[PDB]
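Worksheet for the structure shown next.
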Amino acid sequence: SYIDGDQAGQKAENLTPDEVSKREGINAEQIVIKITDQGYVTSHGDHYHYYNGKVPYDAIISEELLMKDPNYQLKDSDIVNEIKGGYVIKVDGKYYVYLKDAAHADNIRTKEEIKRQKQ
Ligand SMILES: [Zn+2]
């Protein structure tokens, strides 16, 4: 009940996503597919990797998480952290990534691409 695949889950690195990857072996792009206050879960390399902390500046986000809203502009009240081109933000009790450039992909893999990036 509002925990499984939400706030909880297996894995939760304490160190940085870079320290995560190079530790285990894969050095692939970390595509954050799920964001929470208790950390995030990335689809990187081949698998899903879960950890707690902040998204690094050059991390990759899932297109499912990015914020394209016709009424919403990036508010510092919702900004939790900033990444390259986008902002990992918590608005309306939910987490998004505000992409300033949704056209050329400012760190965005589509759900389709994510599965290609995991190959
Ligand atoms: Zn991993």
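Please note that chains go A, B, ... in the order of the structure tokens, that every chain numbers its residues from 1, and that ligands are numbered from 1 in the order shown.
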Notebook entry, point to check: Would you name the residues within 12 Å of ligand 1, counting only C-alpha atoms and all ligand atoms, and put them as a PyMOL selection string?
Noted result: chain A and resi 10-13+16-32+41-51+118
Dump of N, CA and C atoms for the selected residues, as an mmCIF file, in the first residue's frame:
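Result file again.cif:
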```cif
data_model
loop_
_atom_site.group_PDB
_atom_site.id
_atom_site.type_symbol
_atom_site.label_atom_id
_atom_site.label_comp_id
_atom_site.auth_asym_id
_atom_site.auth_seq_id
_atom_site.Cartn_x
_atom_site.Cartn_y
_atom_site.Cartn_z
ATOM 1 N N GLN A 10 14.075 -2.914 -3.692
ATOM 2 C CA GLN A 10 15.390 -3.480 -3.443
ATOM 3 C C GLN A 10 16.465 -2.565 -4.005
ATOM 4 N N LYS A 11 17.650 -2.622 -3.393
ATOM 5 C CA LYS A 11 18.776 -1.745 -3.723
ATOM 6 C C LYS A 11 18.551 -0.340 -3.192
ATOM 7 N N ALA A 12 19.641 0.277 -2.789
ATOM 8 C CA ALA A 12 19.655 1.669 -2.354
ATOM 9 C C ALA A 12 21.070 2.059 -1.960
ATOM 10 N N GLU A 13 21.883 2.336 -2.970
ATOM 11 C CA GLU A 13 23.266 2.749 -2.768
ATOM 12 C C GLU A 13 23.330 4.022 -1.923
ATOM 13 N N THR A 16 27.579 7.799 -4.508
ATOM 14 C CA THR A 16 27.105 8.459 -5.715
ATOM 15 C C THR A 16 26.863 7.444 -6.830
ATOM 16 N N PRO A 17 25.976 7.769 -7.787
ATOM 17 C CA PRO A 17 25.676 6.904 -8.936
ATOM 18 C C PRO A 17 26.922 6.524 -9.738
ATOM 19 N N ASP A 18 27.927 7.392 -9.720
ATOM 20 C CA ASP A 18 29.189 7.093 -10.385
ATOM 21 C C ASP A 18 29.931 6.020 -9.609
ATOM 22 N N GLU A 19 29.998 6.215 -8.298
ATOM 23 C CA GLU A 19 30.585 5.241 -7.395
ATOM 24 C C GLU A 19 29.822 3.919 -7.462
ATOM 25 N N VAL A 20 28.525 4.007 -7.735
ATOM 26 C CA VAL A 20 27.674 2.829 -7.903
ATOM 27 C C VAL A 20 28.158 1.956 -9.049
ATOM 28 N N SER A 21 28.185 2.552 -10.221
ATOM 29 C CA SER A 21 28.403 1.858 -11.454
ATOM 30 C C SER A 21 29.802 1.271 -11.558
ATOM 31 N N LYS A 22 30.785 2.149 -11.540
ATOM 32 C CA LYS A 22 32.187 1.752 -11.632
ATOM 33 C C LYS A 22 32.559 0.718 -10.563
ATOM 34 N N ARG A 23 31.830 0.727 -9.452
ATOM 35 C CA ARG A 23 31.978 -0.296 -8.428
ATOM 36 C C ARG A 23 31.582 -1.667 -8.966
ATOM 37 N N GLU A 24 30.365 -1.750 -9.487
ATOM 38 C CA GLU A 24 29.775 -3.028 -9.864
ATOM 39 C C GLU A 24 30.271 -3.525 -11.214
ATOM 40 N N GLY A 25 30.599 -2.610 -12.107
ATOM 41 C CA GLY A 25 31.145 -3.018 -13.382
ATOM 42 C C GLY A 25 30.670 -2.166 -14.533
ATOM 43 N N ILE A 26 29.359 -2.027 -14.680
ATOM 44 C CA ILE A 26 28.815 -1.257 -15.795
ATOM 45 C C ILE A 26 29.045 0.233 -15.586
ATOM 46 N N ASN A 27 29.365 0.932 -16.661
ATOM 47 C CA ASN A 27 29.611 2.367 -16.595
ATOM 48 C C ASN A 27 28.624 3.092 -17.506
ATOM 49 N N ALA A 28 27.532 2.405 -17.819
ATOM 50 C CA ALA A 28 26.510 2.940 -18.712
ATOM 51 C C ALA A 28 25.795 4.150 -18.108
ATOM 52 N N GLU A 29 25.015 4.831 -18.941
ATOM 53 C CA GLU A 29 24.272 6.016 -18.527
ATOM 54 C C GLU A 29 23.173 5.649 -17.542
ATOM 55 N N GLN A 30 23.081 6.401 -16.460
ATOM 56 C CA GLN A 30 22.067 6.156 -15.449
ATOM 57 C C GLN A 30 20.789 6.901 -15.785
ATOM 58 N N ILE A 31 19.787 6.156 -16.220
ATOM 59 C CA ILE A 31 18.513 6.735 -16.611
ATOM 60 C C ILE A 31 17.505 6.628 -15.473
ATOM 61 N N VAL A 32 17.333 7.709 -14.725
ATOM 62 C CA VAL A 32 16.388 7.728 -13.617
ATOM 63 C C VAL A 32 14.964 7.560 -14.148
ATOM 64 N N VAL A 41 15.340 5.415 -8.684
ATOM 65 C CA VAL A 41 15.658 4.154 -9.321
ATOM 66 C C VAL A 41 15.966 4.403 -10.783
ATOM 67 N N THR A 42 17.117 3.941 -11.221
ATOM 68 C CA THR A 42 17.570 4.188 -12.571
ATOM 69 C C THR A 42 17.568 2.908 -13.393
ATOM 70 N N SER A 43 17.286 3.033 -14.674
ATOM 71 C CA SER A 43 17.438 1.928 -15.594
ATOM 72 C C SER A 43 18.738 2.110 -16.351
ATOM 73 N N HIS A 44 19.813 1.564 -15.812
ATOM 74 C CA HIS A 44 21.119 1.796 -16.384
ATOM 75 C C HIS A 44 21.826 0.483 -16.682
ATOM 76 N N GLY A 45 22.694 0.510 -17.681
ATOM 77 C CA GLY A 45 23.380 -0.692 -18.096
ATOM 78 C C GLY A 45 22.430 -1.693 -18.712
ATOM 79 N N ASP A 46 21.924 -2.587 -17.883
ATOM 80 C CA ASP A 46 20.966 -3.598 -18.312
ATOM 81 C C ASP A 46 19.797 -3.686 -17.340
ATOM 82 N N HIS A 47 19.953 -3.071 -16.180
ATOM 83 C CA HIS A 47 19.054 -3.329 -15.069
ATOM 84 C C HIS A 47 18.561 -2.061 -14.409
ATOM 85 N N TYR A 48 17.769 -2.252 -13.372
ATOM 86 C CA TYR A 48 17.301 -1.155 -12.565
ATOM 87 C C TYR A 48 18.163 -1.066 -11.324
ATOM 88 N N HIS A 49 18.676 0.111 -11.047
ATOM 89 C CA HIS A 49 19.515 0.299 -9.890
ATOM 90 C C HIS A 49 18.927 1.384 -9.005
ATOM 91 N N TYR A 50 18.792 1.066 -7.736
ATOM 92 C CA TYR A 50 18.104 1.917 -6.787
ATOM 93 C C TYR A 50 19.116 2.491 -5.795
ATOM 94 N N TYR A 51 18.997 3.776 -5.482
ATOM 95 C CA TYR A 51 19.838 4.391 -4.464
ATOM 96 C C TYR A 51 19.205 5.646 -3.895
ATOM 97 N N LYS A 118 19.637 -0.010 -22.777
ATOM 98 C CA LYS A 118 19.921 -1.080 -21.830
ATOM 99 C C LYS A 118 20.450 -2.321 -22.550
#
```
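Within 8 Å of residue 108 in chain A, once only C-alpha atoms are used and residues closer than 2 positions along the same chain are dropped, the contacting residues are residues 31, 60, 61, 62, 63, 66, 105, 106 and 110 of chain A.
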Next item on the list: Going by DSSP on the backbone, which bits of chain A are helix (DSSP H, G or I)? Write them as a list in words, please.
Entry: residues 17, 18, 19, 20, 21, 22, 23, 24, 111, 112, 113, 114, 115, 116 and 117 of chain A
Dump as an mmCIF file, in the first residue's frame, selection limited to C-alpha atoms:
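Below is the file again.cif, written as the result:
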```cif
data_model
loop_
_atom_site.group_PDB
_atom_site.id
_atom_site.type_symbol
_atom_site.label_atom_id
_atom_site.label_comp_id
_atom_site.auth_asym_id
_atom_site.auth_seq_id
_atom_site.Cartn_x
_atom_site.Cartn_y
_atom_site.Cartn_z
ATOM 1 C CA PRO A 17 25.676 6.904 -8.936
ATOM 2 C CA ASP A 18 29.189 7.093 -10.385
ATOM 3 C CA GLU A 19 30.585 5.241 -7.395
ATOM 4 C CA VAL A 20 27.674 2.829 -7.903
ATOM 5 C CA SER A 21 28.403 1.858 -11.454
ATOM 6 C CA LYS A 22 32.187 1.752 -11.632
ATOM 7 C CA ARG A 23 31.978 -0.296 -8.428
ATOM 8 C CA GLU A 24 29.775 -3.028 -9.864
ATOM 9 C CA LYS A 111 10.732 4.386 -22.899
ATOM 10 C CA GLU A 112 11.656 2.908 -26.256
ATOM 11 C CA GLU A 113 15.201 4.284 -26.122
ATOM 12 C CA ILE A 114 15.679 3.228 -22.525
ATOM 13 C CA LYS A 115 15.255 -0.388 -23.601
ATOM 14 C CA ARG A 116 17.685 0.294 -26.449
ATOM 15 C CA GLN A 117 20.125 1.977 -24.083
#
```
Residues at most 7 Å from residue 39 in chain A, counting only C-alpha atoms, excluding those fewer than 4 positions away in the same chain, as an mmCIF file with C-alpha atoms, in the first residue's frame?
```cif
data_model
loop_
_atom_site.group_PDB
_atom_site.id
_atom_site.type_symbol
_atom_site.label_atom_id
_atom_site.label_comp_id
_atom_site.auth_asym_id
_atom_site.auth_seq_id
_atom_site.Cartn_x
_atom_site.Cartn_y
_atom_site.Cartn_z
ATOM 1 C CA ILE A 35 12.153 9.524 -8.454
ATOM 2 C CA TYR A 51 19.838 4.391 -4.464
ATOM 3 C CA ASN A 52 19.328 7.373 -2.188
ATOM 4 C CA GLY A 53 20.767 10.846 -2.567
#
```
Next item on the list: May I ask for the distance between CA of residue 73 in chain A and CA of residue 57 in chain A, given in Å to one decimal place?
Entry: 19.9 Å
Check: Pick from A:65, A:8, A:59, A:102: nearest to residue 84 in chain A, with only C-alpha atoms counted?
Finding: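 Going through A:65, A:8, A:59, A:102 one by one, the smallest distance to residue 84 in chain A is for A:59.
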Next item on the list: Do a neighbour search on residue 96 in chain A at 10 Å with only C-alpha atoms, toss out local chain neighbours closer than 3 positions, and write the hits as an MDAnalysis selection string.
Entry: chainID A and resid 34:36 61:68 78:79 86:93 99
Note to self: What's the separation between CA of residue 7 in chain A and CA of residue 55 in chain A, in Å to one decimal place?
What the structure shows: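 Rounded to one decimal, the two atoms are 16.3 Å apart.
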Margin query: With distances taken over only C-alpha atoms, which residue among A:97, A:74, A:103, A:3 lies nearest residue 33 in chain A?
Written below: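 The shortest atom-to-atom distance to residue 33 in chain A comes from A:97.
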